[PDB]
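So this one's two forms of a single chain, laid out as C-alpha cells and tagged structure 1 and structure 2.
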Structure 1
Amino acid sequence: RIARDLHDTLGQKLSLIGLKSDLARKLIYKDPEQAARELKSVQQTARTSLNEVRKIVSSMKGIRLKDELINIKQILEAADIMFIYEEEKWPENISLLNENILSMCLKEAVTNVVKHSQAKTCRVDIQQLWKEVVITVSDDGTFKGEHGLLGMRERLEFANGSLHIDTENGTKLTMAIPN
C-alpha cells in the first residue's frame, strides 16, 4: 500500500538521483556541457520527489473532519444542490484515524449526491452520541439503483462502525463509527 507507493515512485526517483549524479561526475572533464544537463535533470527529479513526499505525508496525516465539511460545501454549491447544516455540539474526542475515516466517507457520499441524485437539496448532520459519532447525509432526489458504496461499508466495518442506505425520500446515508 503506502509501502508500494513509497518504494516505487519515491524509490525509483532516489535511485535515479544517485545514478545521474554519478554520471555527471564521470563527465566533469570529458563533457562539462553534458554534466551540466545531467544535473539540471538531477534537480528536476529531486523537486518532484519532494512532491511525492508531500502527497504521501498528506494521505497518512488524514483529512480532517472540519476540512471535509468545508470541502463538501464547495462541491454541492458547484453542483447547485442546496447545503443544509444545523450546527450542533462538536464530537468530543474522536480518534485522529477514525476522524479521517469519517471524512473519506462523507466525501464519497456527497459525491454520489452530485452525481446520481438529481437532488435539489442535501442535509448533513454530525452528532456525538454514546461512544460513537454518527454522520447523516440525505438528499431529496430519487435513488437510481436497486464500487464507492461497498467501499464505505468496508472502511467503516473494519473500523467497527456501520453504514445504512435509505431510499424512501431520496438517499439517506448513515455512517456511525466508534471512537
Structure 2
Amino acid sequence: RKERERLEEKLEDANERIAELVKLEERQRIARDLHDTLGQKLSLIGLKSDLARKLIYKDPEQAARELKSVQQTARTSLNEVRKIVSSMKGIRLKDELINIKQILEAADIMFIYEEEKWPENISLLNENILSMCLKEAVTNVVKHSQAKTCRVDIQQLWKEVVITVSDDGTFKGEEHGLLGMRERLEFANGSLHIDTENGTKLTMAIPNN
C-alpha cells in the first residue's frame, strides 16, 4: 500500500549494489588488458626519454636515435588505444539503418522508411540498445516472417524514442531475441510490445529527454 515503497527501495538498493560489483569486475578486467599491452611500452618510453635527456650533450646522435624510438612506440601505443576505444564503443542507429536496408534487400523484402521526428539527442547507451534491438527485429523478419514488406519507423515521441518494425508476413508459433530485447529495454526503463495480428509488429520504446 505504502510499504510498497520501503520494498521498491530495498529493491533499488540491492540492484545498485549488484550493479557496482559487476561494474568493478569489468573495470578490473580492462585494467589488466591495458597493463598487458601499454605497460612495457609506457615504461620504455619513460626510460628512453630519460636516457635521451642524459645524452643531449654527451651523444646528441644517440639521443636523437632514442627519441625516434620514443616517437614510434608512442605512435603505436596511441593506435592500441584508438582500436580499443572503437572496439569498446557501439553501433550508431544511423549506421544500423544502413545495415538493415542491405539485409532486407538481400532477402528480397521491400524496405519502407522515411525520416520523421528523428531523435533530437539520445544517450550513446540508449542509442546502442536501440541499434541492437533494431538489428534483432529485422533478423527475425528475415528468418521467420516470409514477409514481402518491412516498415521501420524511428521517432521521438513525448519523452521516448519509439521504434516500430512491422512486416506483412505471418507470425510463427505460440508463446532468444524477443526476451533478450524486452529485458534490455526494460533495464533501460523502456518497453517492448508485440502485435501478431496482421503479420508481426514490434514497438520498442526507450526514454529520451
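Residues that one form lacks are left out of the comparison. Please note that residue numbering is based on structure 1, beginning with 1 at the start of its sequence. Take the two forms, superpose them, and find the largest set of C-alpha atoms that agree within 1.5 Å; that set is the rigid core.
Comparing the chain between structure 1 and structure 2, the hinge between the two rigid parts falls at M60, out of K89, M60, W130, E33. Domain motion between structure 1 and structure 2: the smaller of two rigid parts turns 47° against the larger, based on C-alpha superpositions. With both forms fitted on their core, the C-alpha atom of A119 sits 0.3 Å from where it sits in the other form; this compares the forms between structure 1 and structure 2. Superposed on the core, the two forms differ at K55, whose C-alpha moves 7.7 Å between structure 1 and structure 2. After superposition on the rigid core, the sole stretch of at least three consecutive residues with Cα shifts of 2 Å or more between structure 1 and structure 2 is 1 to 60.
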